[PDB]
Structures are given as structure tokens and as C-alpha cells.
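Since the structure comes first, as C-alpha cells, the remarks are kept for the end.
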Amino acid sequence: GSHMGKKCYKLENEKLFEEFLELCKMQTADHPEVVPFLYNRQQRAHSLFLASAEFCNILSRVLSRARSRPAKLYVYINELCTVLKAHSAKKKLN
């Protein structure tokens, strides 16, 4: 369209996602599937949302938390996944 309504953070969110994703590849050796699951979630999420402030909010939250709590990374991974489950563009249920 023209504007979502607030500032957009597409590049930031993309990056933040990668920042978190790469991070996951570093701490989720037990769950290398988590990145694909993350990627999937994000990829299948709403591009508007991925470019929206909310994802920035969510992302900035989890990344910052994840670096402090790489044990809670799954919390954050699961969060973002839930987030992406929540704000998917063309979902189904999953």
C-alpha cells in the first residue's frame, strides 16, 4: 500500500531475524531444525508484519534476551515462532 500506520522496520526485522537466526545456529546445536522452523515461520508470516514495528518490538525483545539467556533461546525461538504463527499472511492454522 502506502503506509502501515507507524514506522516500518523491514530491513531491521529481516536483519534482527538473521541476527537471531545465526545466533540460533550457534546455540541450538541440539535443534538445527529450529532455524528452518524459524525461517519458515518468518517466511510464511505477513510481509507487512515482518516490515512492521511489532516484529521489531518482538525481535528486539527476543534477541536481547536471547544473548543474555541462550537457555531461554527456545523461549524466544518459540516466542517468535508463536509471533509468526500469530501474524502470518496466509496461514491455515499452522
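Every number in this text was worked out from the coordinates using simple rules, so none of it is lab data. FYI the Cβ positions are ideal-geometry reconstructions off the backbone, even for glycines, and counts take in every protein chain you see.
Taking amide hydrogens as modeled 1.01 Å from N in the peptide plane, which residues meet the under 5 Å criterion relative to residue 88, leaving out close sequence neighbours?
HN-HN under 5 Å from residue 88: 46.
Evaluate E = 1/(1 + (r/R0)^6) for residue 19 and residue 90, where r is the Cβ-Cβ distance and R0 equals 22 Å; express this FRET efficiency to the nearest 0.05.
0.30
From the backbone phi of region 38-46, what are the Karplus-calculated ³J(HN,Hα) couplings (6.51 cos²θ - 1.76 cosθ + 1.60, θ = phi - 60°) in whole Hz, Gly and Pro given as x?
Residue by residue, region 38-46 yields 6, 4, 3, 3, 5, 4, 8, 6, 6 Hz.
In a shell of Cβ-Cβ distance under 13 Å around residue 39, excluding residue 39 itself, what net charge do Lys and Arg (+1) and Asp and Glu (-1) give?
Neighbourhood net charge equals -1.
Give me the net charge of residue 4's neighbourhood, meaning all other residues with Cβ under 12 Å from the Cβ of residue 4; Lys, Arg count +1, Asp, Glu -1.
Details: positive: 6, 7, 10; negative: 54.
Computed value for this residue: +2.
What's the longest bit of the chain with no exposed trypsin sites (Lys or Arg not before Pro), using DSSP loop states and at most 14 other Cβ atoms within 10 Å as the test?
Longest gap between qualifying sites, sites excluded: 8-71.
Report the label-to-label distance for residue 4 and residue 82 in nanometres (one decimal), using points 7 Å from each Cα along the Cα→Cβ vector.
Inter-label distance under the simple model: 2.0 nm.
Taking every alpha carbon pair in the chain, what does the distance histogram look like in 10 angstrom bins from 0, in percent?
Values per bin, smallest distances first: 18, 53, 25, 4, 0.
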